[PDB]
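Quick setup: one chain, the form deposited in one PDB entry, written in C-alpha cells, and binding and motion questions come after.
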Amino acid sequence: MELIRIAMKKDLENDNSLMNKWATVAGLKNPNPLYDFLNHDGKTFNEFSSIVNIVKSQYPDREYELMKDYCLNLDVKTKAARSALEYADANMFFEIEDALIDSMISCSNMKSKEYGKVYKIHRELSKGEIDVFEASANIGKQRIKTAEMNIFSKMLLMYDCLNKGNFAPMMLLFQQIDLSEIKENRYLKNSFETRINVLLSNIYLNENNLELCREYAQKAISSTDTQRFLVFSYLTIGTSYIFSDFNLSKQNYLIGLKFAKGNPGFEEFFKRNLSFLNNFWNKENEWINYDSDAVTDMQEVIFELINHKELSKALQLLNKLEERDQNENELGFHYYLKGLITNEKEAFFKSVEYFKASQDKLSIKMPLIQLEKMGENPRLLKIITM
C-alpha cells in the first residue's frame, strides 16, 4: 500500500533476479526481511539505509515522491521514523521533515519526542522564528537524554554560527562532539559523520588551514551520494581556492553547480561565489544578481563597478548599504570596498577589526594586502595573521 511497496511488487513480477540484487544493495544477509517488508504492513528494516539504497539505485528519479510517501506512512514511535527525520533534514526535504516533527512532538515514545523537539529547534532557528539565545534556552529546557540529540544540539548551533558569520564558537562546539557515543542507530551515525565532515571543512576553511579543509570536503564527497552534501562540499573546496588559484576555484564551483541543477537555493550559493571569484580576479562576470536586495548581492554589483573604474556610482550604492543590517563578516567586506573606493587607511583598519571579530582568517588577507600597499608595517601585518 505504500508507493514503494507497490512499485517493487510490480517490478518483481516482471524480473525474478531482483531479490538477490536488492538484498546486496540493502546490506542484508539474505532475501527474508525483504519478503516481510513487501508483504506485512508495518515491517521496517533494522537499518534505514536499506530502504534508501533500494530507492536510490532502483528508482533514481522517483526518490522524493517515493520517500515522501514512505515517511508519511511510518509509525512515529519507531527507530525507522527517527531515521527518516534525519534523512529528511539532511536532504532539506522540508515538507517531509515538518510533518514528521508535528507527529513526533505529540506521540508517547520518549526518544521520538526528544528527536521531534530538537529538530524543531533547528528548524525554527534556520527560519529566524527564534535566535541563538532562545535555542540554547530551549535545548537546556529539554534536558536531553540521548547521545545523538546531545550531538545534534551542538551541530544545530554550529549551522547558525555559519550563516551569521560568527566563526569563533565553532571549533569549540566541534570539540564537544564524540560520534562513537551514538550506539543503536548505524544510519544516524553515518549521516552525522558526514555532516561533521563538511562542518569540519568549513571550520578549517575559516582557520585558513586550506589543506585540511579540502581533505574533509573530499572525504564527504567520496562517501556520500546525497545532493545536499555534494553541494556544500564542492562549495567549500572552491572557496578554499578563491585566493590561490582561479581555475581550480572555478572548476569546483561548476562541478557543484551541476549537482545543484533544479534546486534554486543551492544554485544561489554558487552564483554568489562565482560572482565574487570573477570580481576578485577581474575577469568578465556572467553571474551577478543585479536585482536582489540581499546585502551580499549588492556588494557584488559594487565590486564590479570598482573594476570598471566607476568610483562615483560605486560610492553612492555603498552609502545605501550603510543603512542596512549586516553581520560582522559582511561588514568585513563592506569596509574593504569602502577602502578600494576611498583610498582611506581607516576603512581598511575597520575591515581588519571586523574580520577579526568574526574570526575569518581567510578573508582577512584582502584588507591586510591593501594596508601593506599603503605603507603600514609589513612585519606587524604578518603577526596579525599568526
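So that there is no doubt, residue numbering starts at 1 and follows the sequence shown. Throughout, rigid core stands for the largest set of C-alpha atoms superposing within 1.5 Å between the two forms.
What follows is about the form deposited in another entry, which we do not show.
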Requested in this report: Align on the core first; then indicate which of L74, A135, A90, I306 has a CA shift of 2 angstroms or more between this form and the one not shown.
Outcome: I306
Query - Threshold 2 Å Cα movement between this form and the one not shown at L277, rigid core reference - result: yes
Requested in this report: Taking the rigid core as the superposition reference, indicate whether the CA of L337 shifts 2 angstroms or more between this form and the one not shown.
Outcome: yes
Report task. Establish whether a shift of 2 Å or more occurs at the C-alpha of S57 between this form and the one not shown, with the two forms superposed on the rigid core. Result -> no
